[PDB]
Amino acid sequence: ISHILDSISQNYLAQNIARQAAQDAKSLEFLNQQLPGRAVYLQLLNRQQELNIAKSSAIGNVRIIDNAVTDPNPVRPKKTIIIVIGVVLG
Amino acid sequence: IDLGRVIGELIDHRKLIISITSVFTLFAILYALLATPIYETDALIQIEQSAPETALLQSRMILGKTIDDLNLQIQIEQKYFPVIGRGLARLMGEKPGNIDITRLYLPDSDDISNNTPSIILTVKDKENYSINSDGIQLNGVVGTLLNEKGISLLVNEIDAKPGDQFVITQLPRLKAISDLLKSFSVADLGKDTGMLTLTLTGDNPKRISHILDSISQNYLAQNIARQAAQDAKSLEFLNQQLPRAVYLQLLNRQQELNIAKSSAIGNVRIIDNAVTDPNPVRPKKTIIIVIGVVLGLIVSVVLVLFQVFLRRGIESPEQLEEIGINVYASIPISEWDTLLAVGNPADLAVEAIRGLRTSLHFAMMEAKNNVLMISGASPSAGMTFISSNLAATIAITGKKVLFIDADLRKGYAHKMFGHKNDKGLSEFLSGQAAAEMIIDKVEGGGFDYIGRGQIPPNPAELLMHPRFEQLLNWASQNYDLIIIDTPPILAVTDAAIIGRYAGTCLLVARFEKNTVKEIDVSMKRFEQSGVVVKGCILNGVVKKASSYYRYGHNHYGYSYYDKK
Ligand SMILES: Nc1ncnc2c1ncn2[C@@H]1O[C@H](COP(=O)(O)OP(=O)(O)O)[C@@H](O)[C@H]1O
Ligand SMILES: [Mg+2]
């Protein structure tokens, strides 16, 4: 469960940075599909790199302060409340 | 009432309680098993709020687009003749047949009520099929479309077995939308987030996921399109406004608006495409069966609670003795035209009649004569059962007993003893028979008996004849005991006439059929006519736990024999 919670954290970490870039990635996606007067072609090249840098540097909103560790004491079953209820119910 | 009373009542009515509860649980289980399972699929939508988006998802514009895409106005239902044929077919492991229809145009009757025309498709094989709307039979084949009789139908990929029928309904577009809108719900799940949780329920697990995907995609296309439209409208005017430095400046704005429209991206977003939860959400079998048990119990309890508060019959001899009525015996029901005292002398009811025989030997002493009249309140209370068996238990003790069947109305003692039916008590009272010709011997008995004879038209007036007292005065010298069986006193007055010549009179009370006031009314009707009723005989007692808790004793009696 500690390996799973580490995977969930890292996937959400890798995924979150990607999400903010997704708005600029879709713009970059259509720009690459739209790369063919020449002065405008240079203006597109300036937008071409600006979308490359924005996507690459767009990592934010998620920080993992602590990695997953397992509490060695089980949370269930709660032996004391079970035995106590066993006495009282009996 | 207390704990013992109610627990005894529950023990006594345990058959009723168990049967009613089991019927309720059986109905609950049959519903939980035969009800069609309804699944639920969910998608997650994340808007870039989320208030106006909900009403646009549930609109007839978005939902109506899904009905057109998936042809949700073509309703196909497997044909099952009963209201349970679908559920049991699922239990038998039969996979439900499904046919894919891509084109359906019915003749559109559109009459006063049936705005939804319907046909019935009967699968003949994997390839061809039949159609019958109103008896008109039409043969169709997968592939080749059908345009006949004003009926357009295109069936693709019949996945079923031959013989299966299907009801194909072409419901109106609004009805298809209203059905979808009824099962389709939208939520926010955070009340602030841009997340929308689209859920959809239905009996088909695969179909509802295709529908929720169509709804989501349509909503996604529309949402993004609107954001795209603003930039498409500006780029539209730019294309309309292009007429050299400003021209190049507009060219930069030209592509900057091309990129935006191309990028698109609605504020709304999809994070999870629709998948169906394989566990049905309805019917909830556990809560249905549990309610079936609990509802069956509270119904069984109120019925038992009613029968307890409504019953008025006698429950124990104590009820009769609270009024001052001596109960000389309590005869149990004999579970065994025969005399019980002769057929089964060891019966528990004969053992109780022997206890009456010894109780009478002490009560019939100090009486005027040896004549014992046995009457009762209501018919079929056991007056003939007790008097005839009491005569049999006194006959084995070596006494001469005469059993007179003075029930000139419905007396059947002659049938119970073996009869020469001629010359009974009627023929004697009417003067057409001598006292010696009417006495007959019980074969397996030990006592003589006088039958009623032919039913007279005036039974109560015959018993008033002075011949009846002459017969009793004559028989009282040739017999040690005369037992007179009579009709019930609350029916006719015959017993009050006969009771004038009987030294001892006993009433027979039926266990649950007679009431305490009914027996008190009977004893006071005798006393009003000069007949002193010595006591009562409670008849037909059954073993009941309620009597053991209400009173200390159930008054049934114990079995005492050596088992061999
Ligand atoms: N304690 C009993 N046990 C078994 N059967 C009984 C008992 N009392 C009556 N019966 C039966 O129920 C019927 C009613 O008895 P019956 O003598 O005809 O009633 P009555 O003369 O009071 O109208 C009879 O067939 C009788 O055999
Ligand atoms: Mg009778």
# chains A, B, ... in the order shown; residues from 1 in each chain; ligands from 1
>>> interface_residues(of="chain A", to="chain B", cutoff="7 Å", atoms="only C-alpha atoms", output="list in words")
residues 26, 27, 30, 31, 40 and 43 of chain A
>>> residues_around(residues="residue 320 (chain B)", least_positions_apart="4", cutoff="9 Å", atoms="only C-alpha atoms", output="mmCIF file with N, CA, C and O atoms, in the first residue's frame")
data_model
loop_
_atom_site.group_PDB
_atom_site.id
_atom_site.type_symbol
_atom_site.label_atom_id
_atom_site.label_comp_id
_atom_site.auth_asym_id
_atom_site.auth_seq_id
_atom_site.Cartn_x
_atom_site.Cartn_y
_atom_site.Cartn_z
ATOM 1 N N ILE B 314 -64.532 -19.201 25.592
ATOM 2 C CA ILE B 314 -63.937 -19.673 26.833
ATOM 3 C C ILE B 314 -62.502 -20.104 26.576
ATOM 4 O O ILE B 314 -62.186 -20.685 25.531
ATOM 5 N N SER B 316 -60.502 -21.173 29.630
ATOM 6 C CA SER B 316 -60.214 -22.095 30.715
ATOM 7 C C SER B 316 -61.472 -22.260 31.544
ATOM 8 O O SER B 316 -62.355 -21.396 31.515
ATOM 9 N N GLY B 324 -69.340 -18.522 39.115
ATOM 10 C CA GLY B 324 -70.033 -19.417 40.013
ATOM 11 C C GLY B 324 -70.617 -20.634 39.344
ATOM 12 O O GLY B 324 -71.606 -21.186 39.838
ATOM 13 N N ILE B 325 -70.038 -21.069 38.231
ATOM 14 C CA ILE B 325 -70.499 -22.240 37.499
ATOM 15 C C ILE B 325 -69.546 -23.385 37.803
ATOM 16 O O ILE B 325 -68.342 -23.281 37.546
ATOM 17 N N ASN B 326 -70.074 -24.474 38.351
ATOM 18 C CA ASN B 326 -69.249 -25.642 38.628
ATOM 19 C C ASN B 326 -68.915 -26.352 37.327
ATOM 20 O O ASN B 326 -69.812 -26.761 36.589
ATOM 21 N N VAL B 327 -67.627 -26.498 37.043
ATOM 22 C CA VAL B 327 -67.156 -27.233 35.879
ATOM 23 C C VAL B 327 -66.736 -28.607 36.383
ATOM 24 O O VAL B 327 -65.791 -28.736 37.161
ATOM 25 N N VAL B 516 -68.479 -17.147 27.909
ATOM 26 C CA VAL B 516 -68.868 -17.280 29.307
ATOM 27 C C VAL B 516 -70.269 -16.728 29.527
ATOM 28 O O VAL B 516 -71.067 -17.299 30.274
ATOM 29 N N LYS B 517 -70.594 -15.612 28.872
ATOM 30 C CA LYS B 517 -71.939 -15.058 28.989
ATOM 31 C C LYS B 517 -72.957 -15.947 28.293
ATOM 32 O O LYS B 517 -74.116 -16.020 28.708
ATOM 33 N N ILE B 519 -72.906 -19.170 28.294
ATOM 34 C CA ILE B 519 -73.208 -20.261 29.216
ATOM 35 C C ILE B 519 -73.981 -19.739 30.417
ATOM 36 O O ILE B 519 -74.819 -20.444 30.987
ATOM 37 N N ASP B 520 -73.718 -18.499 30.821
ATOM 38 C CA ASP B 520 -74.481 -17.897 31.908
ATOM 39 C C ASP B 520 -75.915 -17.619 31.481
ATOM 40 O O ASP B 520 -76.849 -17.785 32.272
ATOM 41 N N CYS B 536 -71.390 -27.449 34.737
ATOM 42 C CA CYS B 536 -71.006 -27.366 33.340
ATOM 43 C C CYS B 536 -69.933 -28.398 33.031
ATOM 44 O O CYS B 536 -69.238 -28.883 33.924
#
>>> residues_near_ligand(ligand="ligand 1", cutoff="10 Å", atoms="only C-alpha atoms and all ligand atoms", output="ChimeraX atom specification")
/B:330-340,347-350,352-353,374-389,407,410-413,416,485-488,507-511,538-542
>>> write_last_selection(atoms="N, CA and C atoms", output="short mmCIF file (atom, residue, chain, number, x, y, z; two decimals), in the first residue's frame")
data_model
loop_
_atom_site.label_atom_id
_atom_site.label_comp_id
_atom_site.auth_asym_id
_atom_site.auth_seq_id
_atom_site.Cartn_x
_atom_site.Cartn_y
_atom_site.Cartn_z
N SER B 330 -63.21 -31.17 32.08
CA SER B 330 -62.72 -30.50 30.89
C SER B 330 -62.25 -31.57 29.92
N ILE B 331 -63.01 -31.79 28.86
CA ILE B 331 -62.77 -32.88 27.92
C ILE B 331 -61.91 -32.34 26.79
N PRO B 332 -60.75 -32.93 26.52
CA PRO B 332 -59.93 -32.46 25.40
C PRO B 332 -60.47 -32.95 24.07
N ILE B 333 -60.00 -32.30 23.00
CA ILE B 333 -60.34 -32.76 21.67
C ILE B 333 -59.71 -34.11 21.42
N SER B 334 -60.52 -35.07 21.01
CA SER B 334 -60.06 -36.40 20.64
C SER B 334 -59.59 -36.36 19.19
N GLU B 335 -58.27 -36.33 19.00
CA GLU B 335 -57.72 -36.31 17.65
C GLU B 335 -57.94 -37.64 16.95
N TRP B 336 -58.24 -38.68 17.70
CA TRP B 336 -58.46 -40.01 17.15
C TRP B 336 -59.74 -40.07 16.32
N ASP B 337 -69.44 -42.89 12.85
CA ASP B 337 -70.52 -43.36 13.70
C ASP B 337 -69.99 -44.30 14.78
N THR B 338 -68.83 -43.96 15.33
CA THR B 338 -68.24 -44.79 16.37
C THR B 338 -68.33 -44.10 17.73
N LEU B 339 -68.36 -44.92 18.78
CA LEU B 339 -68.27 -44.42 20.14
C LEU B 339 -66.81 -44.38 20.54
N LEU B 340 -66.33 -43.18 20.89
CA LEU B 340 -64.93 -43.03 21.27
C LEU B 340 -64.59 -43.87 22.50
N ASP B 347 -58.23 -43.37 25.11
CA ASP B 347 -58.09 -42.02 24.59
C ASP B 347 -58.00 -41.03 25.74
N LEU B 348 -57.33 -39.91 25.48
CA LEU B 348 -57.19 -38.88 26.51
C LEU B 348 -58.53 -38.24 26.82
N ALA B 349 -59.45 -38.25 25.86
CA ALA B 349 -60.77 -37.68 26.09
C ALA B 349 -61.65 -38.64 26.89
N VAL B 350 -61.44 -39.94 26.72
CA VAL B 350 -62.18 -40.91 27.52
C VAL B 350 -61.68 -40.92 28.95
N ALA B 352 -60.75 -38.28 30.45
CA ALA B 352 -61.38 -37.11 31.05
C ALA B 352 -62.86 -37.35 31.31
N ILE B 353 -63.49 -38.22 30.52
CA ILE B 353 -64.89 -38.55 30.75
C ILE B 353 -65.03 -39.48 31.95
N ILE B 374 -78.42 -33.85 29.77
CA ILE B 374 -77.22 -33.17 29.30
C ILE B 374 -77.61 -32.26 28.15
N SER B 375 -77.47 -30.96 28.37
CA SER B 375 -77.80 -29.96 27.37
C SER B 375 -76.62 -29.02 27.21
N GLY B 376 -76.85 -27.92 26.50
CA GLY B 376 -75.80 -26.95 26.27
C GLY B 376 -76.36 -25.68 25.69
N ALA B 377 -75.45 -24.76 25.37
CA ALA B 377 -75.87 -23.47 24.84
C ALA B 377 -76.08 -23.52 23.34
N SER B 378 -75.07 -23.93 22.60
CA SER B 378 -75.07 -23.85 21.15
C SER B 378 -75.00 -25.25 20.57
N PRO B 379 -75.45 -25.43 19.33
CA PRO B 379 -75.31 -26.74 18.69
C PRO B 379 -73.86 -27.07 18.38
N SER B 380 -73.60 -28.37 18.21
CA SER B 380 -72.26 -28.89 17.95
C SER B 380 -71.27 -28.44 19.02
N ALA B 381 -71.73 -28.39 20.26
CA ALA B 381 -70.88 -28.11 21.41
C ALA B 381 -70.36 -29.37 22.07
N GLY B 382 -70.88 -30.53 21.70
CA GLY B 382 -70.45 -31.79 22.27
C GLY B 382 -71.43 -32.42 23.23
N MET B 383 -72.71 -32.07 23.16
CA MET B 383 -73.68 -32.66 24.07
C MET B 383 -73.92 -34.13 23.75
N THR B 384 -73.98 -34.47 22.47
CA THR B 384 -74.18 -35.86 22.09
C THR B 384 -72.89 -36.66 22.21
N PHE B 385 -71.75 -36.01 21.98
CA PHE B 385 -70.47 -36.68 22.16
C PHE B 385 -70.26 -37.05 23.62
N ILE B 386 -70.57 -36.13 24.52
CA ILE B 386 -70.28 -36.35 25.93
C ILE B 386 -71.30 -37.30 26.55
N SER B 387 -72.58 -37.08 26.28
CA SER B 387 -73.62 -37.91 26.88
C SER B 387 -73.52 -39.36 26.41
N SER B 388 -73.23 -39.57 25.13
CA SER B 388 -73.15 -40.93 24.61
C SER B 388 -71.89 -41.63 25.11
N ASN B 389 -70.80 -40.89 25.27
CA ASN B 389 -69.57 -41.49 25.78
C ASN B 389 -69.60 -41.62 27.29
N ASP B 407 -83.36 -35.50 21.29
CA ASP B 407 -83.20 -34.49 20.25
C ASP B 407 -84.05 -34.91 19.07
N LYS B 410 -82.61 -33.03 15.40
CA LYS B 410 -81.42 -33.41 14.66
C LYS B 410 -80.66 -34.53 15.35
N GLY B 411 -81.37 -35.39 16.09
CA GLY B 411 -80.72 -36.48 16.78
C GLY B 411 -80.23 -37.53 15.80
N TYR B 412 -78.98 -37.96 15.97
CA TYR B 412 -78.39 -38.98 15.12
C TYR B 412 -77.83 -40.15 15.92
N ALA B 413 -78.20 -40.26 17.20
CA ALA B 413 -77.64 -41.31 18.04
C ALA B 413 -77.96 -42.70 17.50
N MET B 416 -75.34 -43.60 15.28
CA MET B 416 -74.07 -43.82 15.97
C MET B 416 -74.04 -45.15 16.71
N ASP B 485 -80.12 -37.03 26.05
CA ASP B 485 -79.50 -36.08 25.15
C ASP B 485 -80.56 -35.13 24.60
N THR B 486 -80.27 -33.84 24.64
CA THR B 486 -81.25 -32.82 24.32
C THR B 486 -80.66 -31.83 23.32
N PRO B 487 -81.50 -31.05 22.65
CA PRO B 487 -81.00 -29.96 21.81
C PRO B 487 -80.45 -28.83 22.66
N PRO B 488 -79.74 -27.88 22.06
CA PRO B 488 -79.23 -26.75 22.84
C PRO B 488 -80.35 -25.83 23.30
N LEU B 507 -74.64 -28.75 31.67
CA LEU B 507 -74.44 -28.06 30.40
C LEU B 507 -73.08 -28.42 29.84
N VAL B 508 -73.01 -28.59 28.53
CA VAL B 508 -71.75 -28.79 27.83
C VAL B 508 -71.37 -27.48 27.14
N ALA B 509 -70.20 -26.96 27.47
CA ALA B 509 -69.68 -25.74 26.87
C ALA B 509 -68.54 -26.11 25.94
N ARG B 510 -68.61 -25.64 24.70
CA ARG B 510 -67.51 -25.84 23.78
C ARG B 510 -66.37 -24.89 24.12
N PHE B 511 -65.15 -25.36 23.91
CA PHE B 511 -63.97 -24.69 24.46
C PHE B 511 -63.87 -23.25 23.97
N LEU B 538 -66.85 -28.46 30.30
CA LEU B 538 -66.10 -27.82 29.23
C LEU B 538 -65.59 -28.88 28.27
N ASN B 539 -65.93 -28.74 27.00
CA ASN B 539 -65.63 -29.75 26.00
C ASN B 539 -64.74 -29.15 24.92
N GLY B 540 -63.91 -30.01 24.32
CA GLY B 540 -63.10 -29.59 23.19
C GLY B 540 -61.88 -28.79 23.55
N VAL B 541 -61.33 -28.99 24.75
CA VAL B 541 -60.15 -28.25 25.17
C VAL B 541 -58.95 -28.66 24.33
N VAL B 542 -58.13 -27.68 23.98
CA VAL B 542 -56.90 -27.92 23.23
C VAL B 542 -55.73 -27.34 24.02
#
>>> residues_around(residues="region 56-58 of chain A", least_positions_apart="2", cutoff="12 Å", atoms="only C-alpha atoms", output="ChimeraX atom specification")
/A:14-25,28,49-54,60-62
>>> write_last_selection(atoms="C-alpha atoms", output="compact mmCIF listing (two decimals), in the first residue's frame")
# COMPACT_ATOMS: atom_id res chain seq x y z
CA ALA A 14 3.63 14.04 -13.25
CA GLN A 15 0.02 14.42 -14.39
CA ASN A 16 -0.63 17.76 -12.68
CA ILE A 17 2.31 19.55 -14.29
CA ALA A 18 1.17 18.15 -17.62
CA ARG A 19 -2.36 19.43 -17.12
CA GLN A 20 -1.39 23.08 -16.91
CA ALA A 21 0.73 22.64 -20.02
CA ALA A 22 -2.22 21.04 -21.82
CA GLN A 23 -3.74 24.40 -22.71
CA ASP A 24 -0.41 25.50 -24.20
CA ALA A 25 0.23 22.02 -25.62
CA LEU A 28 1.47 24.06 -29.72
CA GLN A 49 9.28 28.55 -29.30
CA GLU A 50 7.15 30.47 -26.79
CA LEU A 51 4.79 27.50 -26.67
CA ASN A 52 7.72 25.12 -26.28
CA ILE A 53 9.14 26.99 -23.29
CA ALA A 54 5.76 27.52 -21.65
CA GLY A 60 2.98 23.78 -10.57
CA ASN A 61 0.26 23.49 -7.96
CA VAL A 62 1.48 20.16 -6.61
>>> residues_around(residues="residue 1 (chain A)", least_positions_apart="5", cutoff="10 Å", atoms="only C-alpha atoms", output="list in words")
residues 6, 7, 68, 69 and 70 of chain A
>>> closest_residue(among="B:212, B:405, B:476, B:425", to="ligand 2", atoms="only C-alpha atoms and all ligand atoms")
B:405
>>> atom_distance(atom1="CA of residue 268 (chain B)", atom2="CA of residue 201 (chain B)")
22.7 Å
>>> closest_residue(among="B:555, B:467, B:525, B:415", to="ligand 2", atoms="only C-alpha atoms and all ligand atoms")
B:415
>>> select_by_dssp(residues="region 310-382 of chain B", states="alpha helix (DSSP H)", output="ChimeraX atom specification")
/B:310,317-322,340-343,348-363
>>> closest_residue(among="B:83, B:463, B:198, B:142", to="residue 495 (chain B)", atoms="only C-alpha atoms")
B:463
>>> residues_around(residues="residue 276 (chain B)", least_positions_apart="2", cutoff="8 Å", atoms="only C-alpha atoms", output="number ranges by chain")
B: 39-42, 205-206, 208-209, 274, 278
>>> residues_around(residues="residue 70 (chain B)", least_positions_apart="4", cutoff="10 Å", atoms="only C-alpha atoms", output="PyMOL selection string")
chain B and resi 65-66+74+102+207+210-211+214
